[PDB]
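*Asks:* This is model_35.txt (compact mmCIF, C-alpha atoms and all ligand atoms).
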```txt
# COMPACT_ATOMS: atom_id res chain seq x y z
CA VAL A 1 104.62 90.54 53.37
CA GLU A 2 102.02 93.28 53.80
CA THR A 3 100.40 93.78 50.41
CA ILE A 4 97.76 96.05 48.96
CA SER A 5 96.44 96.16 45.42
CA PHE A 6 93.51 97.47 43.45
CA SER A 7 92.59 97.53 39.80
CA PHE A 8 89.94 99.58 38.03
CA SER A 9 89.54 98.54 34.40
CA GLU A 10 86.68 101.02 34.35
CA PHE A 11 85.33 103.53 36.86
CA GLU A 12 81.90 103.18 38.44
CA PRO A 13 79.97 106.09 39.98
CA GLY A 14 79.40 105.50 43.68
CA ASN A 15 82.38 103.18 44.15
CA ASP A 16 83.35 103.70 47.80
CA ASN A 17 86.95 102.60 47.17
CA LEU A 18 87.71 106.01 45.64
CA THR A 19 87.61 109.45 47.27
CA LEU A 20 86.82 112.25 44.82
CA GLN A 21 87.94 115.79 45.64
CA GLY A 22 87.30 119.13 43.97
CA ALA A 23 86.02 118.94 40.39
CA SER A 24 86.78 115.24 39.83
CA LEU A 25 83.81 113.25 38.59
CA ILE A 26 83.13 109.71 37.30
CA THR A 27 80.92 109.69 34.21
CA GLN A 28 78.17 107.19 33.41
CA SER A 29 80.40 106.00 30.57
CA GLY A 30 82.95 104.91 33.18
CA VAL A 31 85.49 107.69 32.72
CA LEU A 32 87.21 109.60 35.52
CA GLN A 33 87.24 113.31 34.65
CA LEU A 34 89.76 114.98 36.96
CA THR A 35 88.92 118.50 35.78
CA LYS A 36 85.53 119.92 34.90
CA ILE A 37 84.03 120.00 31.42
CA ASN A 38 81.28 122.56 30.84
CA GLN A 39 77.87 121.71 29.39
CA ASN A 40 78.96 123.02 25.99
CA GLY A 41 81.44 120.14 25.93
CA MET A 42 84.58 122.25 26.36
CA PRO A 43 87.05 121.94 29.26
CA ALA A 44 86.66 124.46 32.08
CA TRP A 45 89.51 126.70 33.20
CA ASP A 46 90.43 127.26 36.86
CA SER A 47 89.44 123.69 37.69
CA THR A 48 91.23 121.35 40.11
CA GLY A 49 90.26 117.78 40.92
CA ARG A 50 91.79 114.76 42.62
CA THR A 51 90.97 111.11 43.23
CA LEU A 52 92.51 109.15 46.10
CA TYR A 53 92.32 105.45 46.92
CA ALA A 54 90.05 105.27 49.98
CA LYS A 55 92.63 103.43 52.10
CA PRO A 56 96.12 104.51 53.23
CA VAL A 57 99.09 102.49 51.98
CA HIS A 58 101.88 101.19 54.22
CA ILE A 59 105.03 102.26 52.37
CA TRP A 60 107.77 101.72 54.97
CA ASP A 61 108.10 100.34 58.50
CA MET A 62 110.38 101.97 61.06
CA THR A 63 110.34 98.99 63.45
CA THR A 64 111.63 96.53 60.85
CA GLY A 65 113.27 99.17 58.68
CA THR A 66 111.73 97.70 55.52
CA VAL A 67 110.55 99.67 52.49
CA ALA A 68 107.82 98.66 50.04
CA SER A 69 108.29 98.20 46.31
CA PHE A 70 105.33 99.33 44.24
CA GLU A 71 103.90 99.67 40.78
CA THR A 72 101.06 101.63 39.27
CA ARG A 73 99.62 101.67 35.78
CA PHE A 74 96.97 103.91 34.28
CA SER A 75 95.61 105.14 30.97
CA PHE A 76 94.72 108.76 30.37
CA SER A 77 94.08 111.24 27.60
CA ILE A 78 94.59 114.98 27.43
CA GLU A 79 92.76 116.82 24.68
CA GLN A 80 93.77 120.40 23.94
CA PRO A 81 90.94 121.85 21.81
CA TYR A 82 92.78 125.14 21.24
CA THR A 83 96.39 126.10 20.47
CA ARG A 84 95.71 129.59 21.87
CA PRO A 85 95.49 130.68 24.56
CA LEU A 86 98.13 128.23 25.82
CA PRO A 87 96.67 125.09 27.46
CA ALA A 88 97.55 124.43 31.17
CA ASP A 89 98.54 122.72 33.50
CA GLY A 90 98.54 118.97 33.63
CA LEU A 91 97.96 115.91 35.75
CA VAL A 92 100.01 113.98 38.28
CA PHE A 93 100.24 110.68 40.14
CA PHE A 94 101.18 111.36 43.75
CA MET A 95 101.80 109.92 47.19
CA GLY A 96 101.69 112.06 50.30
CA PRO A 97 100.48 112.36 53.93
CA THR A 98 97.22 110.59 54.74
CA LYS A 99 94.03 112.65 55.09
CA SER A 100 95.35 115.19 52.59
CA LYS A 101 93.12 117.79 50.98
CA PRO A 102 93.71 119.58 47.66
CA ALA A 103 96.51 122.16 47.66
CA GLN A 104 96.86 125.03 45.17
CA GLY A 105 95.63 124.50 41.62
CA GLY A 106 97.03 125.72 38.33
CA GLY A 107 100.75 125.10 37.92
CA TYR A 108 100.89 123.50 41.38
CA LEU A 109 98.68 120.70 40.06
CA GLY A 110 96.66 120.48 43.26
CA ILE A 111 99.43 119.00 45.40
CA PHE A 112 101.79 121.88 46.23
CA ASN A 113 101.28 125.40 47.60
CA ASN A 114 104.30 127.20 46.18
CA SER A 115 107.42 126.57 44.10
CA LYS A 116 109.68 126.08 47.12
CA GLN A 117 111.61 122.92 48.03
CA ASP A 118 110.17 121.94 51.42
CA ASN A 119 110.67 118.68 53.33
CA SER A 120 107.39 119.25 55.15
CA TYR A 121 105.47 118.47 51.95
CA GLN A 122 106.42 114.79 52.34
CA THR A 123 105.11 114.34 48.80
CA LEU A 124 106.32 112.39 45.79
CA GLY A 125 104.79 112.84 42.37
CA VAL A 126 105.17 111.93 38.71
CA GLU A 127 103.71 114.73 36.58
CA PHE A 128 102.62 115.10 33.02
CA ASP A 129 103.05 118.87 32.66
CA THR A 130 101.48 120.81 29.82
CA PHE A 131 102.28 124.46 30.65
CA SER A 132 105.75 125.94 31.15
CA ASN A 133 105.81 127.88 34.45
CA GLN A 134 108.79 129.89 35.69
CA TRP A 135 110.23 126.86 37.50
CA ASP A 136 109.77 124.60 34.44
CA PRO A 137 112.07 123.70 31.58
CA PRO A 138 110.95 125.44 28.35
CA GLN A 139 109.71 122.22 26.73
CA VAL A 140 106.13 121.11 27.23
CA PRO A 141 104.64 118.79 27.70
CA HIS A 142 107.12 116.90 29.86
CA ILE A 143 107.20 114.09 32.39
CA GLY A 144 108.69 115.10 35.70
CA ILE A 145 109.68 113.45 38.97
CA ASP A 146 108.68 115.75 41.83
CA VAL A 147 110.17 115.27 45.27
CA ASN A 148 108.86 117.73 47.87
CA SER A 149 108.68 120.42 45.19
CA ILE A 150 106.92 121.38 41.96
CA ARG A 151 110.41 121.99 40.56
CA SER A 152 111.26 118.49 39.27
CA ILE A 153 114.57 116.82 40.07
CA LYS A 154 114.34 115.40 36.54
CA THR A 155 112.22 115.91 33.42
CA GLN A 156 111.69 114.26 30.05
CA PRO A 157 109.94 116.12 27.21
CA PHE A 158 107.33 114.21 25.21
CA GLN A 159 105.06 114.90 22.26
CA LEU A 160 101.36 115.04 23.01
CA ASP A 161 99.21 112.84 20.78
CA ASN A 162 96.23 115.20 21.11
CA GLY A 163 93.22 113.46 22.58
CA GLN A 164 94.73 109.99 22.23
CA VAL A 165 95.02 107.44 25.04
CA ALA A 166 98.40 107.12 26.74
CA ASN A 167 99.51 104.15 28.83
CA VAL A 168 101.68 104.81 31.87
CA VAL A 169 103.68 102.44 34.05
CA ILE A 170 105.49 103.65 37.15
CA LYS A 171 107.57 101.23 39.17
CA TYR A 172 109.59 101.66 42.34
CA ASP A 173 112.20 99.08 43.40
CA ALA A 174 113.05 99.48 47.09
CA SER A 175 116.32 97.54 46.86
CA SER A 176 117.88 99.90 44.31
CA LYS A 177 115.73 102.93 45.22
CA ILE A 178 115.00 103.46 41.53
CA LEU A 179 111.72 105.03 40.49
CA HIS A 180 111.23 104.30 36.80
CA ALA A 181 108.33 105.51 34.69
CA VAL A 182 107.30 104.81 31.11
CA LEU A 183 104.75 106.50 28.86
CA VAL A 184 103.51 104.85 25.67
CA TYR A 185 101.14 106.13 22.99
CA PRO A 186 99.70 103.05 21.23
CA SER A 187 98.34 105.30 18.47
CA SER A 188 101.77 106.50 17.33
CA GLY A 189 103.95 103.88 18.98
CA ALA A 190 105.94 106.57 20.79
CA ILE A 191 107.80 105.42 23.91
CA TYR A 192 109.20 107.69 26.63
CA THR A 193 111.25 106.62 29.63
CA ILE A 194 112.53 108.42 32.72
CA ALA A 195 114.17 107.26 35.94
CA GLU A 196 115.75 108.64 39.08
CA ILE A 197 116.94 107.59 42.52
CA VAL A 198 114.37 108.31 45.22
CA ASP A 199 114.74 107.29 48.89
CA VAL A 200 111.09 107.09 49.93
CA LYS A 201 112.03 106.57 53.59
CA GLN A 202 113.58 110.05 53.55
CA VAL A 203 110.65 111.65 51.72
CA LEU A 204 107.35 110.00 52.61
CA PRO A 205 105.67 109.19 55.92
CA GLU A 206 105.17 105.52 56.83
CA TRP A 207 101.56 105.48 55.64
CA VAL A 208 100.45 107.47 52.61
CA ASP A 209 97.46 108.32 50.48
CA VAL A 210 97.86 107.51 46.79
CA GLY A 211 96.05 109.45 44.10
CA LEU A 212 95.79 111.31 40.83
CA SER A 213 95.31 115.07 40.48
CA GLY A 214 94.67 117.37 37.53
CA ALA A 215 94.27 121.10 36.95
CA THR A 216 93.50 123.69 34.27
CA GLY A 217 94.87 127.23 34.05
CA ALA A 218 93.72 130.41 35.77
CA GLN A 219 93.34 132.30 32.48
CA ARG A 220 90.09 132.03 30.50
CA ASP A 221 90.19 129.07 28.11
CA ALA A 222 93.65 128.00 29.32
CA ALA A 223 92.32 124.48 29.68
CA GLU A 224 92.33 120.88 28.49
CA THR A 225 90.74 117.59 29.51
CA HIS A 226 92.39 115.25 32.03
CA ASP A 227 90.55 111.94 31.62
CA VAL A 228 91.61 108.66 33.22
CA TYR A 229 90.20 105.38 31.87
CA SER A 230 91.83 102.77 34.09
CA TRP A 231 94.09 102.60 37.12
CA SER A 232 95.80 99.79 39.01
CA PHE A 233 98.21 99.80 41.93
CA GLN A 234 100.14 97.24 43.96
CA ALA A 235 102.56 97.55 46.86
CA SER A 236 104.51 94.88 48.76
CA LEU A 237 106.10 95.59 52.11
CA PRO A 238 108.38 92.86 53.49
CA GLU A 239 107.06 92.44 57.04
CA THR A 240 110.53 91.49 58.27
CA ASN A 241 114.17 91.57 57.56
CA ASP A 242 116.36 89.02 59.24
CA CA B 1 103.88 123.55 34.70
MN MN B 2 106.92 120.64 35.28
```
Take the structure in the file and give it back as C-alpha cells.
*Replies:*
Amino acid sequence: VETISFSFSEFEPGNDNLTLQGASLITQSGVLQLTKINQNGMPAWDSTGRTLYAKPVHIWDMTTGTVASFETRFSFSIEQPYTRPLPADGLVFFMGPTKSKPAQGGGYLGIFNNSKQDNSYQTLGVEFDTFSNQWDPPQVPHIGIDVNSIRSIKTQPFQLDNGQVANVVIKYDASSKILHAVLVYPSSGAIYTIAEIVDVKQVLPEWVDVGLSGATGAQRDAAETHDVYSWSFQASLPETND
C-alpha cells in the first residue's frame, strides 16, 4: 500500500513542506492566513491565496487499476467584520493537476477560470462559499462539492458562527466512491453533513496536488478572513489488486 500523510497541529513560517501562493502567509502565531489582512487589522478585498502540500499525491494507478481512499481534517475560521457591503467569497479544499498555479480569484475561489463545466479542469473541491454568485444557490454560506466546475453538483447551507473555529472532516471511500464531508462548530454544537458519489478516476489525474485556497471579493470592503489553524491529510493506495 502506497501511503502518504502529514499533520500540522500548528503552522511554522519557513516550513518547506508547504508551498504558499498569492497572498497566503503563515503568521508568527502559527496561523495560516489564506487571504491578506491589512495593517489596520481589517481583511483586504481582491485577495487570493493558496497553500499546497509540497509533494504530489498518488491518487489512482492505471497499471493496477486501484484507487486511493483518503481523509483530510482542518480547522478554520471566517470572520466577517461587516454586514455591508456583502462579504465574499470563501475558501476551498481542492485536488487538481500537479504544478498548478492560482486560477481566477473572487467567486472562482482561486481554482477555476469561469463558471463552465469543463473536464479539462481535472479538479475536485469542497468549498465553504460565503457569497451568492449567479451560479450559486441563494443561500450563503453553503458547503459545496465541486467537480470540474464552480457550479456545485451538491450544496448544503450552513450558519456561520462569525469568527469562531470550525472543524472539518472530509473522507473519500474508494470502494463506494462516496465523498463525505462534515462541518462542526464546537462553539454552538452545530453539525452539518453532505455527501455525494464521485469517481475520482474519471475526474482527477493519477498524481495530484492537494491544497487549500481562499479569496475575497472584487468590490471594496467585500472581504472576510480565511484563517486555517491546523491541517492533516492521509491517503492509502492499494499497490495491487489480485
Ligand atoms: Ca460564490
Ligand atoms: Mn457555491
*Asks:* List all protein, DNA and RNA residues that have an atom no more than 12 Å from any atom of ligand CA 1 (chain B), counting all atoms listed in the file, and report them as a PyMOL selection string.
*Replies:* chain A and resi 86-92+105-110+112+115+127-144+146+149-152+155+214-217
*Asks:* Select, from A:186, A:154, A:227, A:221, the residue with the minimum atom-to-atom distance to ligand MN 2 (chain B), counting only C-alpha atoms and all ligand atoms.
*Replies:*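 Checking each of A:186, A:154, A:227, A:221 against ligand MN 2 (chain B), counting only C-alpha atoms and all ligand atoms, the winner is A:154.
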*Asks:* Could you give me, as a VMD selection string, the residues within 7 Å of residue 238 (chain A), counting only C-alpha atoms and dropping anything in the same chain fewer than 6 positions from it?
*Replies:* chain A and resid 1 to 2 66 68
*Asks:* One decimal, in Å: what's the spacing between CA of residue 229 (chain A) and CA of residue 190 (chain A)?
*Replies:*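 CA of residue 190 (chain A) lies 19.3 Å from CA of residue 229 (chain A).
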*Asks:* Kindly indicate which residue among A:125, A:205, A:30, A:163 lies nearest to ligand MN 2 (chain B), using only C-alpha atoms and all ligand atoms for the distances.
*Replies:*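 Residue with the minimum atom-to-atom distance to ligand MN 2 (chain B): A:125.
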*Asks:* How many Å lie between CA of residue 78 (chain A) and CA of residue 181 (chain A), rounded to one decimal?
*Replies:*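 Calculated distance between CA of residue 78 (chain A) and CA of residue 181 (chain A) is 18.2 Å.
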*Asks:* Measuring atom to atom with only C-alpha atoms and all ligand atoms, identify which of A:126, A:184, A:194, A:166 is nearest to ligand MN 2 (chain B).
*Replies:*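 Among A:126, A:184, A:194, A:166, it is A:126 that comes nearest to ligand MN 2 (chain B).
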*Asks:* With only C-alpha atoms and all ligand atoms as the basis for distance, which of A:156, A:219, A:123, A:69 is at the shortest distance from ligand MN 2 (chain B)?
*Replies:*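 Ranked by minimum distance to ligand MN 2 (chain B), first place goes to A:156.
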*Asks:* Considering all atoms listed in the file, return as a ChimeraX atom specification whatever protein or nucleic-acid residues lie within 8 Å of residue 101 (chain A), sequence-local ones (same chain, fewer than 2 positions apart) excluded.
*Replies:* /A:21,99,103
*Asks:* Please report the interatomic distance between CA of residue 17 (chain A) and CA of residue 239 (chain A) in Å with one decimal.
*Replies:*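 Taking CA of residue 17 (chain A) as the start and CA of residue 239 (chain A) as the end point, the length is 24.6 Å.
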